[PDB]
Amino acid sequence: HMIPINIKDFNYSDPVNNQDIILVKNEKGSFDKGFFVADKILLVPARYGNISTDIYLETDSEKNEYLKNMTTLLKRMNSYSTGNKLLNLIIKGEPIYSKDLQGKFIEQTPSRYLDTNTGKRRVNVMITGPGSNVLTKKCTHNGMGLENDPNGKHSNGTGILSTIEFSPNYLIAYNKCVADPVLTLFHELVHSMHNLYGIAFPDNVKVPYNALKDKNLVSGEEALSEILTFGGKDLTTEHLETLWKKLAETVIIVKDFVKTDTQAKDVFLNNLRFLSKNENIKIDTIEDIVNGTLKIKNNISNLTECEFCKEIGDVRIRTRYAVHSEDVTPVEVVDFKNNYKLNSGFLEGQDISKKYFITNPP
Ligand SMILES: [Zn+2]
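Now the structure itself:
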């Protein structure tokens, strides 16, 4: 059942050691302290990009709080089968090597490595603070999103590390119900998992009509991976068959790419073993691929925000992924560390009227 993951506790003041406490080279060429809370999962208490607006996360005390609060979310997530399973995939995944102009494979690539003050370090996901908007929660690869990058490494089976922007102190309420940040963080990590294995498919699919959104039986469309990430009623058995199909196509394509190199091929096969939960997965024949990717679809079909929510049991999630922006209310969490707990979540629940939520923050 549960695969042990050691999620490490740090204080922001803990010295850089070049092992689990490092300095990440940022876009401006300065350095932010990074903490490997787990293998290949780097937590960076800093703002993302150049901030000139809302200053949050500049002080040591705020950096320490961010570190503690995000670690609480990760430990909570890891307490549940769904969360633990997701984090394992993220830890164990390996983006495929790239080919140079000679057709030779190279292992040390920007898809696999971040720059640090001591040089290149292997990262699968970097979790860091938001940009200029403190509310931003987003999973990027190479500075780009799910639908931003046609034929990107996030969607072509080769895979790429992600950066997640996320603040646990500034949140959104849907119809007076503040989204639980463990659910939102799980959401973003599902995106990072898809990116890591190069299975973040952008393909538009139709979603069920929503009476309190659509009109005159005109349904909406959304990206397949988005519907998969959220899950619930919006995700249909047909969506999942589209996913199975896309997976099989991807494996066929990637097989052809790595066929020239044993090491590169072995990495791919390792990935397939983790995704499929089958040590004996093969890609020798079309049939092997179809069977293998079926196991992959089944295995990742339960890694959805709705499934995670269900498993927690005592937290609320909105019914549909699609929201109209008239239902949304920003909030600030007061004294997160005392009001949101590892085993409990929000101590008095997610209603916006609770004292530890400030509506329409400064
Ligand atoms: Zn999403």
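Mapping to my numbering: the sequence shown position 332 is 581, numbers consecutive.
The C-beta atom is built at its ideal place from N, Cα and C for all residues, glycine as well.
Boundaries of the beta strand (DSSP E) around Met375: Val374 to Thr377.
Within the same chain, and ignoring the five residues on either side of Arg522 in sequence, the residues whose Cβ sits closer than 8 Å to its Cβ are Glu528 and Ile530.
For the set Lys353, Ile448 and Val439, the Cα lying nearest the Cα of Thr509 is the one of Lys353. In the three-state reduction of the DSSP assignment, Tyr458 falls in the coil class, being assigned neither a helical nor a strand state. CA-CA distance, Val580 to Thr320, rounds to 21 Å. By the Cβ neighbour-count rule, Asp281 is buried, with 16 or more other Cβ atoms within 10 Å of its own.
Between the alpha carbons of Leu395 and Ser441 lies a distance of about 10 Å. Going down the chain, each residue whose beta-carbon is closer than 6 Å to a heavy atom of ligand 1 shows up: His436, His440, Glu475 and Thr478. Annotation: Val374 to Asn465 spans about 42 Å, alpha carbon to alpha carbon. Annotated three-state conformation of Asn275 is coil, per DSSP. Take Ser525, set aside five residues on each side of it, and the residues of its chain with a beta-carbon closer than 7 Å to its own are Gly541, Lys544, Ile545 and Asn548, in chain order. Looking at the DSSP output, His390 bridges to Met393. Check the Cα spacing between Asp309 and each of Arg370, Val293 and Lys324: the tightest is with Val293. Closest in alpha carbon position to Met393, among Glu414, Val383, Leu384 and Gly406, is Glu414.
Within the stretch 560-585, the beta strand (DSSP E) runs of at least 3 residues that lie entirely inside it are, in chain order, 577-582. Counting every other CB atom within 10 Å of its CB across the protein chains shown gives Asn405 a total of 16 or more, marking it as buried. Less than 7 Å divides the Cβ of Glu597 from the Cβ of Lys603. Fewer than three Cβ pairs drawn from the stretch 333-343 and the stretch 266-276 lie within less than 8 Å of each other, which leaves the two stretches out of contact. The beta carbon of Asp258 sits closer than 7 Å to those of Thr320, all from its chain and outside the five residues before and after it, given in chain order.
Counting only unbroken stretches of 3 or more residues, the beta strand (DSSP E) elements lying wholly within the stretch 442-529 are 453-455 and 470-472, in sequence order. 7 Å or more divides the Cβ of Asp483 from the Cβ of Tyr423. Counting C-beta pairs closer than 8 Å gives three or more between the stretch 432-451 and the stretch 474-483, which meets the contact rule.
In the three-state scheme derived from DSSP, where H, G and I count as helix and E and B as strand, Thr302 is classed as coil. Ranked by Cα distance from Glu307, the first of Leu363, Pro379 and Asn333 is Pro379.
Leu543: not part of any beta strand (DSSP E); member of the alpha helix (DSSP H) spanning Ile535 to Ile549, first to last residue. Within the DSSP secondary-structure output, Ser347 pairs in a beta bridge with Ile355. In its chain, beyond the 5 residues on either side, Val427, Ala428, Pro430, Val580 and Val582 have a beta carbon closer than 7 Å to the beta carbon of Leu420. Around the CB of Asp349, fewer than 16 other CB atoms lie within 10 Å, so the residue is classed as exposed.
In the structure shown, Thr608 falls within a strand segment according to DSSP collapsed to helix, strand and coil.
Secondary-structure assignment with DSSP links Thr367 through no beta bridge to anything. In the three-state reduction of the DSSP assignment, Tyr419 falls in the strand class. Beta-bridge pairing by DSSP links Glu414 to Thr377 and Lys387.
Pairing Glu556 with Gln351, the inter-Cα distance amounts to about 45 Å.
Judged by beta-carbon spacing, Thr385 lies beyond the 7 Å limit of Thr412, meaning their Cβ atoms are not closer than that value.
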